[PDB]
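Colleague: Input structure: data.pdb, which contains PDB, C-alpha atoms (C1' of nucleotides).
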ATOM      1  CA  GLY A 313      49.416   2.662  49.650  1.00  0.00           C
ATOM      2  CA  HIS A 314      45.780   3.435  48.791  1.00  0.00           C
ATOM      3  CA  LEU A 315      46.095   0.682  46.209  1.00  0.00           C
ATOM      4  CA  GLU A 316      44.786  -2.795  45.352  1.00  0.00           C
ATOM      5  CA  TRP A 317      41.337  -1.884  46.642  1.00  0.00           C
ATOM      6  CA  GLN A 318      39.938  -5.396  46.213  1.00  0.00           C
ATOM      7  CA  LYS A 319      42.320  -6.542  48.949  1.00  0.00           C
ATOM      8  CA  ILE A 320      41.503  -3.452  51.026  1.00  0.00           C
ATOM      9  CA  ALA A 321      37.796  -4.267  50.771  1.00  0.00           C
ATOM     10  CA  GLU A 322      38.374  -7.944  51.584  1.00  0.00           C
ATOM     11  CA  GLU A 323      40.485  -7.051  54.630  1.00  0.00           C
ATOM     12  CA  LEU A 324      37.948  -4.470  55.825  1.00  0.00           C
ATOM     13  CA  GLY A 325      35.702  -7.448  56.588  1.00  0.00           C
ATOM     14  CA  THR A 326      32.352  -5.722  55.964  1.00  0.00           C
ATOM     15  CA  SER A 327      31.674  -7.359  52.566  1.00  0.00           C
ATOM     16  CA  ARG A 328      32.301  -4.096  50.708  1.00  0.00           C
ATOM     17  CA  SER A 329      33.464  -3.989  47.100  1.00  0.00           C
ATOM     18  CA  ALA A 330      36.609  -2.342  45.773  1.00  0.00           C
ATOM     19  CA  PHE A 331      34.571   0.314  43.969  1.00  0.00           C
ATOM     20  CA  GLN A 332      32.522   1.220  47.056  1.00  0.00           C
ATOM     21  CA  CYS A 333      35.667   1.506  49.177  1.00  0.00           C
ATOM     22  CA  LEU A 334      37.402   3.665  46.570  1.00  0.00           C
ATOM     23  CA  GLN A 335      34.341   5.899  46.153  1.00  0.00           C
ATOM     24  CA  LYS A 336      34.035   6.426  49.910  1.00  0.00           C
ATOM     25  CA  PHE A 337      37.770   7.114  50.219  1.00  0.00           C
ATOM     26  CA  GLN A 338      37.922   9.605  47.343  1.00  0.00           C
ATOM     27  CA  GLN A 339      34.871  11.534  48.567  1.00  0.00           C
ATOM     28  CA  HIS A 340      36.698  11.906  51.914  1.00  0.00           C
ATOM     29  CA  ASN A 341      40.282  12.102  50.628  1.00  0.00           C
ATOM     30  CA  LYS A 342      42.450  15.048  51.644  1.00  0.00           C
ATOM     31  CA  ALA A 343      44.955  14.201  48.908  1.00  0.00           C
ATOM     32  CA  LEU A 344      42.303  14.424  46.170  1.00  0.00           C
ATOM     33  CA  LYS A 345      40.029  17.281  47.266  1.00  0.00           C
ATOM     34  CA  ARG A 346      42.804  19.772  47.917  1.00  0.00           C
ATOM     35  CA  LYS A 347      42.407  22.875  50.033  1.00  0.00           C
ATOM     36  CA  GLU A 348      45.992  23.993  49.318  1.00  0.00           C
ATOM     37  CA  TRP A 349      47.722  24.607  45.964  1.00  0.00           C
ATOM     38  CA  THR A 350      50.918  23.558  44.190  1.00  0.00           C
ATOM     39  CA  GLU A 351      53.275  25.282  41.771  1.00  0.00           C
ATOM     40  CA  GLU A 352      52.535  23.133  38.717  1.00  0.00           C
ATOM     41  CA  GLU A 353      48.780  23.432  39.273  1.00  0.00           C
ATOM     42  CA  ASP A 354      49.030  27.229  39.425  1.00  0.00           C
ATOM     43  CA  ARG A 355      51.337  27.451  36.400  1.00  0.00           C
ATOM     44  CA  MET A 356      49.206  25.225  34.177  1.00  0.00           C
ATOM     45  CA  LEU A 357      45.954  26.794  35.405  1.00  0.00           C
ATOM     46  CA  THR A 358      47.330  30.214  34.473  1.00  0.00           C
ATOM     47  CA  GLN A 359      48.441  28.865  31.091  1.00  0.00           C
ATOM     48  CA  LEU A 360      45.003  27.458  30.242  1.00  0.00           C
ATOM     49  CA  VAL A 361      43.272  30.590  31.552  1.00  0.00           C
ATOM     50  CA  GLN A 362      45.443  32.896  29.450  1.00  0.00           C
ATOM     51  CA  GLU A 363      44.958  30.659  26.407  1.00  0.00           C
ATOM     52  CA  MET A 364      41.176  30.320  26.657  1.00  0.00           C
ATOM     53  CA  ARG A 365      39.867  33.313  28.630  1.00  0.00           C
ATOM     54  CA  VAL A 366      37.956  36.010  26.767  1.00  0.00           C
ATOM     55  CA  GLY A 367      37.292  39.116  28.832  1.00  0.00           C
ATOM     56  CA  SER A 368      35.639  38.146  32.116  1.00  0.00           C
ATOM     57  CA  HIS A 369      34.783  34.569  31.046  1.00  0.00           C
ATOM     58  CA  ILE A 370      36.913  31.528  31.894  1.00  0.00           C
ATOM     59  CA  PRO A 371      36.411  27.730  31.831  1.00  0.00           C
ATOM     60  CA  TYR A 372      36.096  27.219  35.586  1.00  0.00           C
ATOM     61  CA  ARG A 373      35.145  23.532  35.776  1.00  0.00           C
ATOM     62  CA  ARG A 374      36.516  22.345  32.416  1.00  0.00           C
ATOM     63  CA  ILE A 375      40.143  23.078  33.364  1.00  0.00           C
ATOM     64  CA  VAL A 376      39.595  20.352  36.000  1.00  0.00           C
ATOM     65  CA  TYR A 377      40.422  17.887  33.218  1.00  0.00           C
ATOM     66  CA  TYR A 378      44.094  18.902  33.136  1.00  0.00           C
ATOM     67  CA  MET A 379      44.940  19.322  36.846  1.00  0.00           C
ATOM     68  CA  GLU A 380      44.058  16.527  39.259  1.00  0.00           C
ATOM     69  CA  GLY A 381      42.105  16.988  42.475  1.00  0.00           C
ATOM     70  CA  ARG A 382      39.163  19.354  41.957  1.00  0.00           C
ATOM     71  CA  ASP A 383      35.474  19.230  41.013  1.00  0.00           C
TER      72      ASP A 383
ATOM     73  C1'  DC B   1      -3.749  -9.998-109.351  1.00  0.00           C
ATOM     74  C1'  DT B   2      -3.825 -13.230-104.569  1.00  0.00           C
ATOM     75  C1'  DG B   3      -1.631 -16.886-101.207  1.00  0.00           C
ATOM     76  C1'  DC B   4       1.492 -20.638 -98.723  1.00  0.00           C
ATOM     77  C1'  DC B   5       5.289 -22.022 -95.097  1.00  0.00           C
ATOM     78  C1'  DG B   6       9.587 -21.211 -92.481  1.00  0.00           C
ATOM     79  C1'  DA B   7      12.889 -18.904 -87.968  1.00  0.00           C
ATOM     80  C1'  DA B   8      12.688 -17.438 -83.956  1.00  0.00           C
ATOM     81  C1'  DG B   9      10.757 -16.773 -79.282  1.00  0.00           C
ATOM     82  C1'  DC B  10       6.724 -18.008 -75.942  1.00  0.00           C
ATOM     83  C1'  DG B  11       5.274 -22.258 -73.736  1.00  0.00           C
ATOM     84  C1'  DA B  12       5.647 -27.669 -71.477  1.00  0.00           C
ATOM     85  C1'  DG B  13       7.842 -32.867 -69.152  1.00  0.00           C
ATOM     86  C1'  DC B  14      12.025 -36.064 -66.247  1.00  0.00           C
ATOM     87  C1'  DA B  15      16.909 -36.276 -62.556  1.00  0.00           C
ATOM     88  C1'  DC B  16      21.078 -44.664 -59.257  1.00  0.00           C
ATOM     89  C1'  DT B  17     -11.443  -7.555 -42.192  1.00  0.00           C
ATOM     90  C1'  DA B  18     -19.283  -8.456 -39.855  1.00  0.00           C
ATOM     91  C1'  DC B  19     -23.535  -7.738 -40.125  1.00  0.00           C
ATOM     92  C1'  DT B  20     -28.996  -8.930 -39.570  1.00  0.00           C
ATOM     93  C1'  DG B  21     -34.555 -11.236 -38.641  1.00  0.00           C
ATOM     94  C1'  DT B  22     -36.343 -14.105 -34.753  1.00  0.00           C
ATOM     95  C1'  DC B  23     -38.266 -15.646 -30.048  1.00  0.00           C
ATOM     96  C1'  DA B  24     -38.426 -17.716 -25.980  1.00  0.00           C
ATOM     97  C1'  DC B  25     -35.810 -18.473 -22.613  1.00  0.00           C
ATOM     98  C1'  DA B  26     -32.996 -16.026 -20.600  1.00  0.00           C
ATOM     99  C1'  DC B  27     -32.869 -11.830 -18.045  1.00  0.00           C
ATOM    100  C1'  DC B  28     -35.598  -8.948 -14.416  1.00  0.00           C
ATOM    101  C1'  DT B  29     -37.920  -8.895  -8.593  1.00  0.00           C
ATOM    102  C1'  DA B  30     -43.700  -8.546  -5.325  1.00  0.00           C
ATOM    103  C1'  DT B  31     -42.929 -11.431  -0.179  1.00  0.00           C
ATOM    104  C1'  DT B  32     -41.791 -15.677   4.290  1.00  0.00           C
ATOM    105  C1'  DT B  33     -38.193 -17.338   7.659  1.00  0.00           C
ATOM    106  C1'  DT B  34     -33.441 -18.600   9.842  1.00  0.00           C
ATOM    107  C1'  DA B  35     -27.576 -19.537  11.636  1.00  0.00           C
ATOM    108  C1'  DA B  36     -23.156 -18.427  11.406  1.00  0.00           C
ATOM    109  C1'  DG B  37     -20.112 -15.083   9.187  1.00  0.00           C
ATOM    110  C1'  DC B  38     -20.359  -9.246   6.743  1.00  0.00           C
ATOM    111  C1'  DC B  39     -18.809  -4.398   4.005  1.00  0.00           C
ATOM    112  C1'  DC B  40     -19.278   1.076   4.983  1.00  0.00           C
ATOM    113  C1'  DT B  41     -20.749   5.136   8.917  1.00  0.00           C
ATOM    114  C1'  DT B  42     -21.100   7.186  13.861  1.00  0.00           C
ATOM    115  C1'  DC B  43     -20.107   8.682  18.358  1.00  0.00           C
ATOM    116  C1'  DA B  44     -18.330   7.391  22.973  1.00  0.00           C
ATOM    117  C1'  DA B  45     -14.847   5.072  25.941  1.00  0.00           C
ATOM    118  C1'  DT B  46     -10.102   4.320  26.258  1.00  0.00           C
ATOM    119  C1'  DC B  47      -5.188   4.907  25.597  1.00  0.00           C
ATOM    120  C1'  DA B  48      -0.507   7.137  24.493  1.00  0.00           C
ATOM    121  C1'  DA B  49       2.218  11.199  22.347  1.00  0.00           C
ATOM    122  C1'  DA B  50       3.083  15.838  23.224  1.00  0.00           C
ATOM    123  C1'  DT B  51       3.281  19.834  26.011  1.00  0.00           C
ATOM    124  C1'  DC B  52       3.848  22.623  30.310  1.00  0.00           C
ATOM    125  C1'  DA B  53       5.177  23.059  35.584  1.00  0.00           C
ATOM    126  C1'  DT B  54       8.365  22.474  38.504  1.00  0.00           C
ATOM    127  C1'  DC B  55      12.534  20.139  40.830  1.00  0.00           C
ATOM    128  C1'  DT B  56      17.321  19.043  40.135  1.00  0.00           C
ATOM    129  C1'  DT B  57      22.726  18.788  38.140  1.00  0.00           C
ATOM    130  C1'  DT B  58      26.105  21.493  36.189  1.00  0.00           C
ATOM    131  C1'  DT B  59      28.496  26.296  34.510  1.00  0.00           C
ATOM    132  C1'  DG B  60      28.954  31.692  35.707  1.00  0.00           C
ATOM    133  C1'  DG B  61      29.298  34.160  39.410  1.00  0.00           C
ATOM    134  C1'  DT B  62      28.724  35.950  44.378  1.00  0.00           C
ATOM    135  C1'  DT B  63      28.760  35.282  49.635  1.00  0.00           C
ATOM    136  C1'  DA B  64      32.220  34.691  52.864  1.00  0.00           C
ATOM    137  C1'  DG B  65      33.134  29.322  54.091  1.00  0.00           C
ATOM    138  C1'  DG B  66      38.066  28.855  52.178  1.00  0.00           C
ATOM    139  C1'  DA B  67      42.686  29.508  50.086  1.00  0.00           C
ATOM    140  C1'  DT B  68      47.462  30.461  47.593  1.00  0.00           C
ATOM    141  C1'  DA B  69      50.561  33.795  45.726  1.00  0.00           C
TER     142       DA B  69
END
Hey, can you dump this file as structure tokens for me?
Modeller:
Amino acid sequence: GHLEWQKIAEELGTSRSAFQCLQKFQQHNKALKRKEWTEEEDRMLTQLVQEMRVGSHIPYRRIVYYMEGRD
DNA sequence: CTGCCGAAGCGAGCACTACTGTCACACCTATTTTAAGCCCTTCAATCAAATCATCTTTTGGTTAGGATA
């Protein structure tokens, strides 16, 4: 279940650590680095944008704090 | 016509802050030579703090890779 990464690393058999395995997985994870979108992400993104936008300026990469799975 | 002696208030002895004449011995430096320690200048050799140049990491934003709604 993408979980208990110490056991994943031990079972992988290449002497990796849990943190290395997790880092490699997340950098190549479809579920994290989305190409699609979801309803709650769009709704909350619009909410933060409308709250904090002034004219043509918006917090592009700071909204990443609230929704999961972006840079 | 001049002259003596009392009443009261004064008094004493005991209680199982610096000058000045001298005077010779003190002070004073002419030079010799070491063996380890010296103060201050004075610039030159060396180092590290500060600055500037440029590459890189993340926001704004676009291109066109990539996408929803």
Colleague: Could you please tell me, as an mmCIF file with C-alpha atoms (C1' of nucleotides), in the coordinates of the input, which residues of chain B have an atom within 9 Å of chain A when using all atoms listed in the file?
Modeller:
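Written file, iface10.cif:
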data_model
loop_
_atom_site.group_PDB
_atom_site.id
_atom_site.type_symbol
_atom_site.label_atom_id
_atom_site.label_comp_id
_atom_site.auth_asym_id
_atom_site.auth_seq_id
_atom_site.Cartn_x
_atom_site.Cartn_y
_atom_site.Cartn_z
ATOM 1 C "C1'" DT B 59 28.496 26.296 34.510
ATOM 2 C "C1'" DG B 60 28.954 31.692 35.707
ATOM 3 C "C1'" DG B 66 38.066 28.855 52.178
ATOM 4 C "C1'" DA B 67 42.686 29.508 50.086
ATOM 5 C "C1'" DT B 68 47.462 30.461 47.593
#
Colleague: Write out as lines of an AutoDock Vina configuration file an axis-aligned box for region 318-325 of chain A: all of its atoms listed in the file, 4 Å added on each side, centre and edge lengths in Å with one decimal.
Modeller:
center_x = 39.0
center_y = -5.7
center_z = 51.4
size_x = 14.6
size_y = 12.5
size_z = 18.4
Colleague: So how many Å separate CA of residue 317 (chain A) and CA of residue 341 (chain A), to one decimal?
Modeller: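 Computed distance, CA of residue 317 (chain A) to CA of residue 341 (chain A), equals 14.6 Å.
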Colleague: Which distance in Å separates CA of residue 342 (chain A) and CA of residue 365 (chain A), to one decimal?
Modeller: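 Answer for the CA of residue 342 (chain A) to CA of residue 365 (chain A) separation: 29.5 Å.
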Colleague: Rounded to one decimal in Å, what is the spacing between CA of residue 318 (chain A) and CA of residue 336 (chain A)?
Modeller: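 Those two atoms sit 13.7 Å apart.
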Colleague: Between A:313, A:377, A:333, A:366, which has the minimum distance to residue 353 (chain A) (counting all atoms listed in the file)?
Modeller: A:377
Colleague: Report as an MDAnalysis selection string all protein, DNA and RNA residues lying within 8 Å of region 356-358 of chain A, evaluated on all atoms listed in the file, omitting residues in the same chain fewer than 3 positions from it.
Modeller: chainID A and resid 352:353 361:362 375 379
Colleague: Please produce region 350-369 of chain A, completed to N, CA, C and O atoms, as a PDB file, in the frame of the given file.
Modeller:
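Produced file part39.pdb, reproduced below:
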ATOM      1  N   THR A 350      49.558  23.938  44.541  1.00  0.00           N
ATOM      2  CA  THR A 350      50.918  23.558  44.190  1.00  0.00           C
ATOM      3  C   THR A 350      51.379  24.363  42.982  1.00  0.00           C
ATOM      4  O   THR A 350      50.572  24.922  42.235  1.00  0.00           O
ATOM      5  N   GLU A 351      52.702  24.428  42.808  1.00  0.00           N
ATOM      6  CA  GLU A 351      53.275  25.282  41.771  1.00  0.00           C
ATOM      7  C   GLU A 351      52.830  24.860  40.376  1.00  0.00           C
ATOM      8  O   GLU A 351      52.431  25.705  39.566  1.00  0.00           O
ATOM      9  N   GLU A 352      52.904  23.564  40.062  1.00  0.00           N
ATOM     10  CA  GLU A 352      52.535  23.133  38.717  1.00  0.00           C
ATOM     11  C   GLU A 352      51.053  23.355  38.449  1.00  0.00           C
ATOM     12  O   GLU A 352      50.678  23.742  37.334  1.00  0.00           O
ATOM     13  N   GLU A 353      50.198  23.147  39.454  1.00  0.00           N
ATOM     14  CA  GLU A 353      48.780  23.432  39.273  1.00  0.00           C
ATOM     15  C   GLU A 353      48.563  24.902  38.938  1.00  0.00           C
ATOM     16  O   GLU A 353      47.836  25.230  37.997  1.00  0.00           O
ATOM     17  N   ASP A 354      49.204  25.802  39.687  1.00  0.00           N
ATOM     18  CA  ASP A 354      49.030  27.229  39.425  1.00  0.00           C
ATOM     19  C   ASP A 354      49.559  27.606  38.048  1.00  0.00           C
ATOM     20  O   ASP A 354      48.898  28.335  37.300  1.00  0.00           O
ATOM     21  N   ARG A 355      50.746  27.112  37.691  1.00  0.00           N
ATOM     22  CA  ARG A 355      51.337  27.451  36.400  1.00  0.00           C
ATOM     23  C   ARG A 355      50.440  27.006  35.254  1.00  0.00           C
ATOM     24  O   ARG A 355      50.129  27.790  34.349  1.00  0.00           O
ATOM     25  N   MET A 356      50.005  25.747  35.279  1.00  0.00           N
ATOM     26  CA  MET A 356      49.206  25.225  34.177  1.00  0.00           C
ATOM     27  C   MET A 356      47.805  25.832  34.168  1.00  0.00           C
ATOM     28  O   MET A 356      47.232  26.061  33.095  1.00  0.00           O
ATOM     29  N   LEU A 357      47.232  26.096  35.344  1.00  0.00           N
ATOM     30  CA  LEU A 357      45.954  26.794  35.405  1.00  0.00           C
ATOM     31  C   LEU A 357      46.061  28.168  34.763  1.00  0.00           C
ATOM     32  O   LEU A 357      45.196  28.568  33.977  1.00  0.00           O
ATOM     33  N   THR A 358      47.127  28.906  35.083  1.00  0.00           N
ATOM     34  CA  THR A 358      47.330  30.214  34.473  1.00  0.00           C
ATOM     35  C   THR A 358      47.505  30.086  32.967  1.00  0.00           C
ATOM     36  O   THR A 358      46.992  30.911  32.203  1.00  0.00           O
ATOM     37  N   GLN A 359      48.231  29.060  32.522  1.00  0.00           N
ATOM     38  CA  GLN A 359      48.441  28.865  31.091  1.00  0.00           C
ATOM     39  C   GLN A 359      47.117  28.633  30.368  1.00  0.00           C
ATOM     40  O   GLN A 359      46.825  29.288  29.359  1.00  0.00           O
ATOM     41  N   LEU A 360      46.295  27.713  30.877  1.00  0.00           N
ATOM     42  CA  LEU A 360      45.003  27.458  30.242  1.00  0.00           C
ATOM     43  C   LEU A 360      44.100  28.683  30.305  1.00  0.00           C
ATOM     44  O   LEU A 360      43.381  28.980  29.345  1.00  0.00           O
ATOM     45  N   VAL A 361      44.114  29.404  31.426  1.00  0.00           N
ATOM     46  CA  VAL A 361      43.272  30.590  31.552  1.00  0.00           C
ATOM     47  C   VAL A 361      43.676  31.636  30.522  1.00  0.00           C
ATOM     48  O   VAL A 361      42.830  32.208  29.826  1.00  0.00           O
ATOM     49  N   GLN A 362      44.978  31.900  30.407  1.00  0.00           N
ATOM     50  CA  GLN A 362      45.443  32.896  29.450  1.00  0.00           C
ATOM     51  C   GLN A 362      45.160  32.458  28.020  1.00  0.00           C
ATOM     52  O   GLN A 362      44.860  33.294  27.161  1.00  0.00           O
ATOM     53  N   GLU A 363      45.249  31.153  27.747  1.00  0.00           N
ATOM     54  CA  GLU A 363      44.958  30.659  26.407  1.00  0.00           C
ATOM     55  C   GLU A 363      43.483  30.812  26.057  1.00  0.00           C
ATOM     56  O   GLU A 363      43.148  31.234  24.944  1.00  0.00           O
ATOM     57  N   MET A 364      42.585  30.472  26.988  1.00  0.00           N
ATOM     58  CA  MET A 364      41.176  30.320  26.657  1.00  0.00           C
ATOM     59  C   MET A 364      40.269  31.416  27.197  1.00  0.00           C
ATOM     60  O   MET A 364      39.113  31.490  26.768  1.00  0.00           O
ATOM     61  N   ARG A 365      40.733  32.258  28.119  1.00  0.00           N
ATOM     62  CA  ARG A 365      39.867  33.313  28.630  1.00  0.00           C
ATOM     63  C   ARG A 365      39.586  34.360  27.562  1.00  0.00           C
ATOM     64  O   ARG A 365      40.462  34.725  26.774  1.00  0.00           O
ATOM     65  N   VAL A 366      38.349  34.847  27.549  1.00  0.00           N
ATOM     66  CA  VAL A 366      37.956  36.010  26.767  1.00  0.00           C
ATOM     67  C   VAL A 366      37.262  36.971  27.721  1.00  0.00           C
ATOM     68  O   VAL A 366      36.222  36.633  28.296  1.00  0.00           O
ATOM     69  N   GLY A 367      37.845  38.150  27.903  1.00  0.00           N
ATOM     70  CA  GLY A 367      37.292  39.116  28.832  1.00  0.00           C
ATOM     71  C   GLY A 367      37.134  38.548  30.227  1.00  0.00           C
ATOM     72  O   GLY A 367      38.102  38.061  30.820  1.00  0.00           O
ATOM     73  N   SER A 368      35.914  38.593  30.757  1.00  0.00           N
ATOM     74  CA  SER A 368      35.639  38.146  32.116  1.00  0.00           C
ATOM     75  C   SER A 368      35.253  36.672  32.199  1.00  0.00           C
ATOM     76  O   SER A 368      34.980  36.182  33.300  1.00  0.00           O
ATOM     77  N   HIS A 369      35.211  35.961  31.077  1.00  0.00           N
ATOM     78  CA  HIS A 369      34.783  34.569  31.046  1.00  0.00           C
ATOM     79  C   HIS A 369      35.983  33.630  31.048  1.00  0.00           C
ATOM     80  O   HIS A 369      36.968  33.861  30.343  1.00  0.00           O
TER      81      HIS A 369
END
